[PDB]
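Before any questions on binding or motion, here is one chain by itself as structure tokens, the form deposited without the named molecule.
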């Protein structure tokens, strides 16, 4: 309303424009997310219901803070804390130089801390991708865009119309599992971890079947031994080609043994034995972690 001055359009998301704004009374710089109430005439959108109610309870250094919600008759505003840019934009900028490994370790460490808080508080993010991770100039990285978030005090069903983009989609989702688990968020972080290191996306698929085959060509086509139950999963087919698992020294060569170990556990096929965000924080890979400071806006 009247207390906010719009600075510039910063993005587009969930049927609504996002503006960088400044509080005219306090000088606070915020992110304004606008929801036009009258285009589906079904009241407040369900994605907004979940985003507000869940993010309210998530106060953590590595989660973008929901500052205020302004609910008028014909509009619905969400006020977030402002961060300069996304990790995807940062990756692109560092394409020639690369993100230094200590900064990679720091980001992954913080991401896991925010995610562990998320999971410990009964919320699945379900849309973890570089575009939805925000960073500042001080070395922090935070989870953002909870438009697909779900509370899993009771099981969350899989919906084909609400899923993370292909490149960061878990194998169980592609194979048509019925319910979500926390492992789907860890898998995404695994792909993001690898992408930060190689400067290339780990599994860049054109389609659902191409996404699966790209994962199979790297991690090997899973059997009942590796992952009990695959052959019975809905979208599994016996005509799946049988690929061999590749050694991780060829997949992520700049990694040492500790990094290779963690990434392997983050991309475990069977969701039950995929590492948790909490257990990942305890991995020997983070024993010497620091908080490096990035260089932004190249």
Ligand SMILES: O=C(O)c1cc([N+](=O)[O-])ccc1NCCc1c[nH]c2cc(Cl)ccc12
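Positions refer to the first chain, counted from 1. So that the term is clear: the rigid core is the largest set of C-alpha atoms that superpose within 1.5 Å between two forms.
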In at least a third of the other compared PDB entries, does residue 41 have no coordinates? yes
Of the two stretches 68 to 76 and 207 to 215, which shows the higher Cα B-factor on average in the entry? 68 to 76
Determine, for stretches 40 to 48 and 260 to 268, which one has the higher mean CA B-factor as deposited. 40 to 48
So, residue 106's CA B-factor, relative to its chain, sits in which third? The middle
For residue 82, does the deposited CA B-factor place it in the lowest, middle or highest third of the chain? middle
Lowest, middle or highest third: where is residue 225 by C-alpha B factor in its chain? highest
Third of the chain, ranked by Cα B-factor, where residue 293 sits: middle
Just say lowest, middle or highest third for the CA B-factor of residue 53 relative to the other modelled residues in its chain. lowest
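Although it is not shown, the form deposited with the named molecule bound is what the next lines describe.
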Superimposing the C-alphas around the site, does the named molecule, as posed in the entry with it bound, end up open here or blocked, where blocked is 3 or more of its atoms within 2.4 Å of backbone or C-beta atoms? blocked
Identify whether the named molecule in the entry with it bound is within 4.5 Å of every residue in the set 55, 80 and 123, based on non-hydrogen atoms. yes
Contact segment among 202 to 210, 72 to 80, 93 to 101, 189 to 197, judged by heavy atoms lying within 4.5 Å of the named molecule in the entry with it bound: 72 to 80
When the contact criterion is heavy atoms within 4.5 Å, does residue 117 count as touching the named molecule in the entry with it bound? yes
Answer yes if any heavy atom of residue 148 is within 4.5 Å of a heavy atom of the named molecule in the entry with it bound; otherwise answer no. yes
With heavy atoms only and a cut-off of 4.5 Å, decide whether residue 251 touches the named molecule in the entry with it bound. no
My question is simply whether residue 64 lines the interface with the named molecule in the entry with it bound - judged by any non-hydrogen atom within 4.5 Å. yes
Of 262, 230, 35, 255, which one comes within 4.5 Å of the named molecule in the entry with it bound, counting heavy atoms only? 35
Single mover in 85, 158, 198, 120, with Cα shift of 2 Å or more between the shown form and the other one when the core is superposed: 158
Return yes or no for residue 39: a CA shift of at least 2 Å between the shown form and the other one, with the rigid core superposed? yes
Is it true that residue 49 shifts between the shown form and the other one by 2 Å or more at the Cα, once the core is aligned? yes
C-alpha of residue 258: shift of 2 angstroms or more between the shown form and the other one, rigid core aligned? no
Kindly indicate if, in the entry with it bound, the C-alpha atoms of residue 264 and residue 152 are closer or farther apart than in the structure shown, bearing in mind the change is 3 Å or more. farther
